[PDB]
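>
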Ligand SMILES: [Zn+2]
Ligand SMILES: [Zn+2]
Ligand SMILES: [Zn+2]
Ligand SMILES: [Zn+2]
Ligand SMILES: [Zn+2]
Ligand SMILES: [Zn+2]
Ligand SMILES: [Zn+2]
Ligand SMILES: [Zn+2]
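What follows is the structure, encoded as structure tokens:
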């Protein structure tokens, strides 16, 4: 709960010298008590903080605080909420589904700080953000490529969740499950008309995330090398 | 943090039976959590309490609570804030500087409950209060005498801070440093045209404060006797 | 300080038999006392020596001395200073920034003889020197390629500094950090319009430097192989 | 020799960024070698530094360096040299003798860092400086008083030197020698027409200096009390 304590401290400091109003600091204090009292989760803390920041239009200061404390989960949640609000302003359904899946995966990661679902959600949100940028830019090829990447991410997310879950206790050989997950992702992605290229790089990023989360990167390195040979 | 807990308890009790409004009690609770969570200092607690009391015009009840709990640091801070507000209403610069120095010394004392800077700040604030009383009374001799006392206090405050700091770890003989500080205060005060009288009593009060803070009063007693011989 | 002692000895010998004047040898003696007295750093020694050599126009003899003693840090500093002077004569801003970054990295390396920042500074200075040669030659394609290499070096320099710092005490698996740094360098370099080619070779040289500095080249060898597969 | 090393370091730093010229730093280096080689004394070091500073008109920077390092002997020597130069410009013989005695006592103190002769020299130089200020001010009473103080200092200086020397090894009871020295100073001073007042305060300052140097201030405190009773 050190990140939450630092966030509360920095929000006080900010509210002490002008900047954000007092309501956000009071909410930070109450939620910091409730968490570590064992009555809510960090996801509810961050969600309430982001909702109040959006209500008061002070989200930039909250972003700066989350960068200063050095939190990736909360920052990704902030980006997800802002992107969802912007898409709701736009009103496009496929990005609605994409961001809802990203938020659900973010919540599941927040439950236990599982880095792989964090990687998946990060991929989804950054590709969606690039989609919105290209919407005003007007480069259709790039938006189609980003939709291909997002389809690959949607296909892979249950697969990476399952791979991590099985490796947790079942005891298989990570590299074998990593290779099977990557091949399944490629096959299912090409079953949707998407090249076996950019989906390959999506699977590569997710393999890197699995290696980081599982604490074993040599197997992730080997699967990365085989995928690099495959794209050739 | 027992004083803070008692202050919070008494503020509840007061807000329960009419008297002060609820906002002050809620702030007391939040700050009592933040302190003893290790995120702010007692100075911020008291400063916020006094600011809200001034905003709601209920400062007298806060004064009564601080007397009931038996706190001198908080009470001195309350007097300093009220005197600063009154002087700001008046608009006189020298008392502005005097009260700002008093508040800074009060903060430094609050950092570790250092009794000597508390004595210095108490001297400054009481002489300033007497100055404001004599302003409406109209006795110029007394106001000049109080300005002399305040100049002596300003000269002595860095000296007493340094004496306490050196005695803390360096290991000199308190009485020697006390005598040197008193003589330096007298010399610098008479360099500003002020008698070697009332400045002598200011140095005597500060020597008493140093003796109380350092836990050794026999050396303070001896320096008091030598200063009493000096004023003769 | 053996290199400094040898430099002082060789400068005496040179000044004994004509060649350089006496002022440089006297400065060498004084700075050799000050260093190893613990009052200045080797960077100040070399900087003063180079400044005097430039003032007296005897820089070639200092270069020969630095080659004879077998010092790479001092020689790179000499090249950096000469290149900065030549660019100041030319008056081009981007190479100004490039050489200033190179000099700052050289100072940081000199602080503890960190080989990786030495590699980065060497890359920057040699590409800048090639830029100046092509300026009078007049081959625009080569100058654009060298600017691409310098942009890659600028992007990578904080990354390599951070990788070395983290590996020093944090305890990660070098190869993983090396791969992440290389991929980040490639992505950021292609975000600036630069191919993923020559930037790949820049990252390869920096990976080799990291392997040399960290005392572990097998991981550097593996990352080199993966980057060689990537460029395919 | 830590003070000398710090002085040399700070002089380099100053000469590095403009300010003082290089000759002073080179002299500092050479003298810092000679001292701690065991070939000259700190008095020669400071005297050469002050002479060069006066020659180059950079004495203020040397004063700042000596304050930063925290040296009282060197600073007093600087004041003595500057005051001697100013008096030589004026051309008055009695202050010539006064400052020459002060400089000789300063050298004797520098020989072994004897604090009592430092106090005596400090008294002489500050009273002489006040004499020069009053010369342009034109207050004859003050100049006569300062001459009385200087006569008391001249009378007392051999006495304090002898008292310290005897207490060093002979083994008498300091307080007895302190009282005898003070009484002899008062008697000899009143034999020259000077009140038994300001000479009493001169003897009091010298007694304080003896107490500081000898490492025993309780006897100095007692003699101070008896002298305070005497002036009554
Ligand atoms: Zn606050
Ligand atoms: Zn299998
Ligand atoms: Zn109640
Ligand atoms: Zn003393
Ligand atoms: Zn020779
Ligand atoms: Zn990794
Ligand atoms: Zn230098
Ligand atoms: Zn006797």
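Chains as they are written, first to last, in the authors' numbering: chain y, 6 to 237; chain B, 6 to 237; chain G, 6 to 237; chain A, 6 to 237. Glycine included, every Cβ here is placed at the ideal spot set by N, Cα and C.
How would you write the range of the alpha helix (DSSP H) that residue 201 of chain G sits in, first residue to last?
Element bounds for residue 201 of chain G: n/a, residue is neither H nor E.
> Quick one, which of y:219, y:194, y:218, y:178 has its alpha-carbon nearest residue 207 of chain y's?
Among y:219, y:194, y:218, y:178, the Cα nearest to that of residue 207 of chain y belongs to y:194.
> On the criterion of 16 or more Cβ atoms from any shown chain inside 10 Å, does residue 129 of chain G qualify as buried, or is it exposed?
Classification for residue 129 of chain G: buried.
> My guess is that residue 133 of chain y and residue 100 of chain y are in contact by the Cβ rule of under 8 Å, so how many angstroms apart are they, rounded?
The Cβ separation is near 6 Å, so the contact holds.
> Taking only runs that begin and end inside the segment 115-175 of chain B, name each unbroken alpha helix (DSSP H) of 4 or more residues, in chain order.
Taking only runs of at least 4 residues, the alpha helix (DSSP H) segments lying wholly in the segment 115-175 of chain B are 120-142, 145-174.
> So if I measure from each beta-carbon to every heavy atom of ligand 1 and keep distances below 7 Å, which residues remain?
My final list is y:17, y:21, B:45, B:49, B:53.
> In this structure, how does DSSP classify residue 25 of chain y when only helix, strand and coil are distinguished?
The answer is coil: DSSP assigns residue 25 of chain y none of H, G, I, E or B.
> Grouping DSSP H, G and I as helix and E and B as strand, with all else coil, what is residue 46 of chain y?
DSSP places residue 46 of chain y in coil when its eight states are reduced to three.
> Taking Cβ to Cβ, would you say residue 71 of chain A is nearer than 9 Å to residue 80 of chain A?
Against a cut-off of 9 Å, the Cβ pair of residue 80 of chain A and residue 71 of chain A comes out as a contact.
> What number of angstroms, rounded off, separates the C-alpha of residue 229 of chain B from the C-alpha of residue 65 of chain A?
Looking at the two C-alpha atoms, the distance is approximately 41 Å.
> Work out the CA separation of residue 69 of chain A and residue 117 of chain y for me, nearest whole Å.
Each residue's alpha carbon lies about 60 Å from the other.
> Is the closest heavy atom of ligand 2 to the C-beta of residue 185 of chain y under 8 Å?
Yes, Cβ of residue 185 of chain y sits closer than 8 Å to a heavy atom of ligand 2.
> Flag this pair as touching only if the segment 183-199 of chain y and the segment 161-174 of chain y have three or more C-beta atom pairs under 8 Å; answer yes or no.
Because the criterion of three Cβ pairs below 8 Å is met, the segment 183-199 of chain y and the segment 161-174 of chain y touch.
> Given the structure, does residue 217 of chain A come close to ligand 4, in the sense that its CB is under 8 Å from one of the ligand's heavy atoms?
Indeed, a heavy atom of ligand 4 lies less than 8 Å from the Cβ.
> Answer with buried or exposed for residue 22 of chain A, where buried requires no fewer than 16 other C-beta atoms within 10 angstroms of its C-beta.
Its Cβ having fewer than 16 others within 10 Å, residue 22 of chain A is exposed.
> Does the segment 25-35 of chain G come close enough to the segment 44-55 of chain G to have 3 or more Cβ pairs within less than 8 Å?
Yes, the segment 25-35 of chain G touches the segment 44-55 of chain G.
> Within 8 Å: the Cβ of residue 181 of chain y and any heavy atom of ligand 2?
Checking every heavy atom of ligand 2 against the Cβ of residue 181 of chain y, one is found closer than 8 Å.
> What I want to know is whether the C-beta of residue 189 of chain G ends up closer than 8 Å to one or more non-hydrogen atoms of ligand 6.
No, since every heavy atom of ligand 6 falls outside the 8 Å radius drawn around the Cβ of residue 189 of chain G.
> Taking a Cβ distance cut-off of 9 Å, strictly less, list which residues of the segment 216-232 of chain A are near chain B, in chain order.
Cβ contacts with chain B: 216, 217, 222, 223, 225, 226, 229, 230.
> Could you work out which residue in y:151, y:235, y:137 is closest to residue 90 of chain y when comparing CA atoms only?
Closest option to residue 90 of chain y, Cα to Cα, is y:137.
> Please classify residue 6 of chain y: is it buried, with 16 or more other beta-carbons within 10 angstroms of its beta-carbon, or exposed?
The residue in question, residue 6 of chain y, is exposed, as its Cβ has fewer than 16 Cβ neighbours within 10 Å.
> According to DSSP, is residue 70 of chain A helix, strand or coil?
Residue state, collapsed to three classes: helix.
> Classify residue 218 of chain B as buried or exposed, calling it buried when 16 or more other Cβ atoms lie within 10 Å of its own Cβ.
Label assigned to residue 218 of chain B: buried.
> Going by alpha carbons, who is nearest to residue 221 of chain B out of B:232, B:75, B:121, B:20?
Of the candidates B:232, B:75, B:121, B:20, the one whose C-alpha sits nearest the C-alpha of residue 221 of chain B is B:121.
> When burial is assigned at 16 or more other CB atoms within 10 Å of the CB, is residue 144 of chain G buried or exposed?
It is exposed - the Cβ of residue 144 of chain G has fewer than 16 other Cβ atoms within 10 Å.
> Given that residue 38 of chain A touches chain G, what residues does it touch there, using C-beta distances under 8 Å?
The answer, in chain order, is 38.
> Which residues of the segment 191-216 of chain A have a Cβ closer than 9 Å to any Cβ of chain B? Give them in chain order.
If the cut-off is 9 Å between Cβ atoms, the segment 191-216 of chain A has 213, 216 near chain B.
> Just checking my contact of residue 106 of chain y with residue 162 of chain y at CB under 8 Å: how many whole Å lie between their CB atoms?
Right, the Cβ-Cβ distance comes to about 7 Å (below 8 Å), so this counts as a contact.
> Please classify residue 2 of chain B: does DSSP put it in a helix, a strand, or coil?
This structure leaves residue 2 of chain B out entirely; chain B is present only between 6 and 237.
> At a cut-off of 8 Å, is residue 225 of chain y close to ligand 6 when judged by its beta-carbon and the heavy atoms of the ligand?
For ligand 6, at least one heavy atom lies less than 8 Å from the Cβ of residue 225 of chain y.
> Going by DSSP, what residue range makes up the alpha helix (DSSP H) through residue 82 of chain A?
Residues 77-95.
> Does any heavy atom of ligand 6 sit closer than 8 Å to the C-beta of residue 144 of chain y?
No, since every heavy atom of ligand 6 falls outside the 8 Å radius drawn around the Cβ of residue 144 of chain y.
> Give me the subset of the segment 154-181 of chain G whose CB atoms are less than 8 Å from a CB atom of chain y, sorted by chain position.
Residues passing the 8 Å Cβ filter: 178, 180, 181.
> Do residue 25 of chain A and residue 67 of chain A have their beta-carbon atoms positioned less than 9 Å apart in this structure?
A contact, by the Cβ cut-off of 9 Å.
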